[PDB]
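Shown here is one chain on its own, the form deposited in one PDB entry, set out as C-alpha cells.
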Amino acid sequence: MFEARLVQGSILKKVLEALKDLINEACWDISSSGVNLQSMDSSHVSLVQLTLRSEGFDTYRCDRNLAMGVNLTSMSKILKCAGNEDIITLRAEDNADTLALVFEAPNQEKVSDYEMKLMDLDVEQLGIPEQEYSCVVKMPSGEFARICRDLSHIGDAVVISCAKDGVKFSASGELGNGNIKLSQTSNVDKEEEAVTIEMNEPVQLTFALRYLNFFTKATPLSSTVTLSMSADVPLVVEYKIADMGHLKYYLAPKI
C-alpha cells in the first residue's frame, strides 16, 4: 500500500489548482521520502517541480515506489468535491491501477471516497542542474500576481530588471508601455510584506507573461514568492508549501 493522510487537505486542493491549467497530465512519483512531480508544459517553454515531503503528512506509508500517471484535470475535478477544511487521504493498493481519495469533514459526519482512473505515461525526467543565481527577489505573492496580471493587459512580454535597490517590470504593446518599480523595503511589520533583494550582479531578462500568469495560480499556497534569475537561464518562481516542500516553476527566457 501507499497511504498518505493530510489534515490540511486544502493544501492538495491548492496544489491541483496551481497545476491543472499549465499541465494536463503528469506522473506522481511516490516513494518513502514523499511525493515528487516534475513535468514540462506541451509547448516546452516551462517546467514545474512539486515536492511534498513524507514528514509533512500526518501519516505516511509507502511500501513500494510508484509512478502514477494522472490526468490533472480529472484530479482537480475530484479535489473540488472536498471542503476546504477536509482531511484528505490518498491511497493506492500495491497492484491497483487507480488512486483513491478519501475526504473527511472534521466538523461533520460526512465521508467521501473517490476512485480515480490512472493512465499510462512515458515521461522522461529531466535533470535540473542546481545553480547559483545572479538575483533573488523575495516579495509578497499577491503583489507579484497583480503585477503580472496588469502588465499582461499592456503587452505579452515582461522585461524584469533587477538591481541592488529595486526590481523593475516593464511591458510594451499596441497601446503603449508600462513600467512598475518595486523598491526594497526597510521597515515592515510582517516579514511577509517585505521586498528583499539578494544581488550578485544585475540582470535584465524577458519572459512571456502568459506563463507567469499560469504560475501565479499558486498564490494561495504562500504569502510570499521568490524570483531567481541569471542571464541566459530559466527564471525560477518558487512558492513554499509550509511544513511540506514547494512548488517551483521554471520559465525559459525569450531570445
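Rigid core (definition): largest C-alpha set, two forms, superposition within 1.5 Å. In this text, residue numbers run from 1 along the sequence as written. Residues that one form lacks are left out of the comparison.
If you look for the form deposited in another entry, you will not find it shown, but the lines that follow are about it.
Core-based superposition between this form and the one not shown leaves all of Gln184, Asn177, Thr98, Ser74 but one with CA shifts under 2 Å; the exception is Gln184. In this overlay on the rigid core, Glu193 has a C-alpha that sits 2 Å or more away from its partner position between this form and the one not shown. Relative to the superposed core, just one shifted segment between this form and the one not shown, defined as three or more consecutive residues with every Cα moved by 2 Å or more, spans 184-194.
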